[PDB]
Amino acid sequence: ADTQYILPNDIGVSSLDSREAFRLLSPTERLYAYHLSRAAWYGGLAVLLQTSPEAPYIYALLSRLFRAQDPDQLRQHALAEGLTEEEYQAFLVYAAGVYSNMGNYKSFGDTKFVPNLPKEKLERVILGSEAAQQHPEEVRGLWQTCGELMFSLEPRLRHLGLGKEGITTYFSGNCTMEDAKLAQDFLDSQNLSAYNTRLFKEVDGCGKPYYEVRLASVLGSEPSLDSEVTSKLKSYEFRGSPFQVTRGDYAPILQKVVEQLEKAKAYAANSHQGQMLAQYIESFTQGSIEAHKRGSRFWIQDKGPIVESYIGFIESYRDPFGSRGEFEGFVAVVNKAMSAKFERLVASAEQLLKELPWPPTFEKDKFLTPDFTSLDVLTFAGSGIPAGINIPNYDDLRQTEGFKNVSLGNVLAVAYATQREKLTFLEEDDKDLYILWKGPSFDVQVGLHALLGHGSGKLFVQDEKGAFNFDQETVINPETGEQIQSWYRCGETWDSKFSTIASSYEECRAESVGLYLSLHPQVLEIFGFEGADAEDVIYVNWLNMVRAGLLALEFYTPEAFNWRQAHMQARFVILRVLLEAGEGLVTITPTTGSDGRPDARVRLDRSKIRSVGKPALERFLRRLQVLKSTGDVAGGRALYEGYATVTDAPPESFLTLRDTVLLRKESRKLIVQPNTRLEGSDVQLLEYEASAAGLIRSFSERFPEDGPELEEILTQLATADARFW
């Protein structure tokens, strides 16, 4: 068992396998990947600022510490100061946690984690460290500032979120959901994207709140060559509230980023790569999302590159309101062999879309030749590494230019490690099938999730004039039978309208498409299973889905009635949909484990998957798309938040089950990533041990040129914003 809000000493650590991918790269491609990786790792540091008030200080402190003394050197100091090996290991694991999450909160669960050792003992180590002897003011200053928050588990600090009972740095501490809604309405009214923005509320002597919308850029208030953004840099009045649009957020960090983007542009393989980089540079320098969208368009047109990459404020999972983006950047190498199955999935893609439970009027008008590749990651900077990505997120680009589907092969391999001892909530005979088919069924689900999942669906949009992108005269809502009553307007996006459930809603729809189309005998041939093998993959994919729905309860907060992770919430919903169908399709039974502790069992009648499960899923999937397409947020919330409701109602009694899920939960593994170094001419790949110490070393060697400078930059930016929290 393991306590909430701490990382266990025996937490799994896996090293990313990137040697063979890197070895295939030409000298030019290596220099390209080198600078892009540097750009990504630089930008990843901003996530610390986007996580918690104390995160940038903690990184700065750990960085100083391990720069003067590596894990084996520090051990000799720490053990001489009274720490046991167990206590030192807890600190190593904590440091690795902060590094891998770019913050002292889990990227997967948004929960705080603290060092599993006495604070006073850790103080002796830090204050007596070699880093402390060399820079006593800096180290004591850092410890004084972030020491308490490093350990504090006060209830309001335990989870990320808006309001008084949660921590967020996307907003000032005094901001609530009301403030976010107001800010979003303002942003939409000015056609300004929330992706690269943060919101700060300050009051005067009269208590009247003033709002600051701050954009992320190198440039500040000073005049620049750009006019599209600088013209927005002014004061506004919106529904009685003062609004000021500023920029300069993470400026010296983004300055490092564009330096490496510029250097990468010297090694671009084609004009599409050169142009997309110049636009990203414009985006990060000026604070223009329009510039980033232009870059994304050029990126989509760069088909099948050897070195694939993307960077910026992309995903909006961590923003409590759900519109602001967290910085991420990745560099990956194309895997020709593993891209085969996904490219033939493209061949039958347009056909399979017609098998989806909604009319073609609710589907994209012009079908675009989709891009689906399997890649090997060299760098994935930010709060975490996904198994697959579907990008860009700009919906207008999605329905005019296209989008890229990416499966991260060497990331998937890390997830393909599950001992049958850890396979909880399954009877014996189901475990065997699970081990055999979890791998292939994932490729199926991920494939459909990406291409036909996120890639399907049309948004009904009315422009500035009364013209629609759909035939409002003949298009009929299949659920109501009436003509289309609601749609998206100018300035409105998926995130802007559905806000807090936008991410989870869409992941649920995507997962449903995958689960739904996994019953198709033809899709089980593109991946090539064909027989009972194909049938087995079906059952396992459905058994894994309903098991994950139970496991999802770890990421629900009863006191706040709040889901903390979009994908897990999505999988719980699907469990609820299948449970709603009744007729003995899926049952959850509270049992007792061999260790005498509370347990549970998930039973799935495989015979009733097609007769009961599919019709229930088909109906659910249809309702999801209709409400999404029509932008029916009220209906969308009523449906989704209804299934996402967690109660101790019989017979399932989920609240009771949750306590069992927490009891037997398994901590997600930490992933160590390699480094690339320049030997003047040649680029070398540096690899590290699959351990906490190894992960620490990988970051210790990650910024050889300007490590101490980044420490000071993060400290400076944090201190400037200290009043907000």
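In this text, residue numbers run from 1 along the sequence as written. Note that the rigid core is defined as the largest set of C-alphas that superpose within 1.5 Å between two forms.
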query: Core-fitted comparison in 5 other deposited structures of this protein, 417-425 vs 581-589, farther C-alphas; finding: 417-425
query: Greatest C-alpha divergence in 5 other deposited structures of this protein once each structure is fitted on the rigid core, 461-469 or 210-218; finding: 461-469
query: Entry-level comparison of average CA B-factors, 518-526 and 161-169, reporting the higher stretch; finding: 518-526
query: Of 645-653 and 434-442, the stretch whose C-alpha atoms average the higher B-factor in the entry; finding: 434-442
query: Residue with maximal Cα B-factor (values as given in the PDB entry) among 322, 635, 287, 596; finding: 596
query: Member of 126, 604, 391, 117 with the greatest C-alpha B factor (per the PDB record); finding: 604
query: B-factor third for the C-alpha atom of residue 706 within its chain; finding: middle
query: Ranked against its chain, the third holding the CA B-factor of residue 720; finding: middle
query: Chain-relative CA temperature factor third for residue 328; finding: lowest
query: Ranked against its chain, the third holding the CA B-factor of residue 178; finding: middle
query: Entry-reported Cα temperature factor of residue 680, expressed as the chain third it lands in; finding: highest
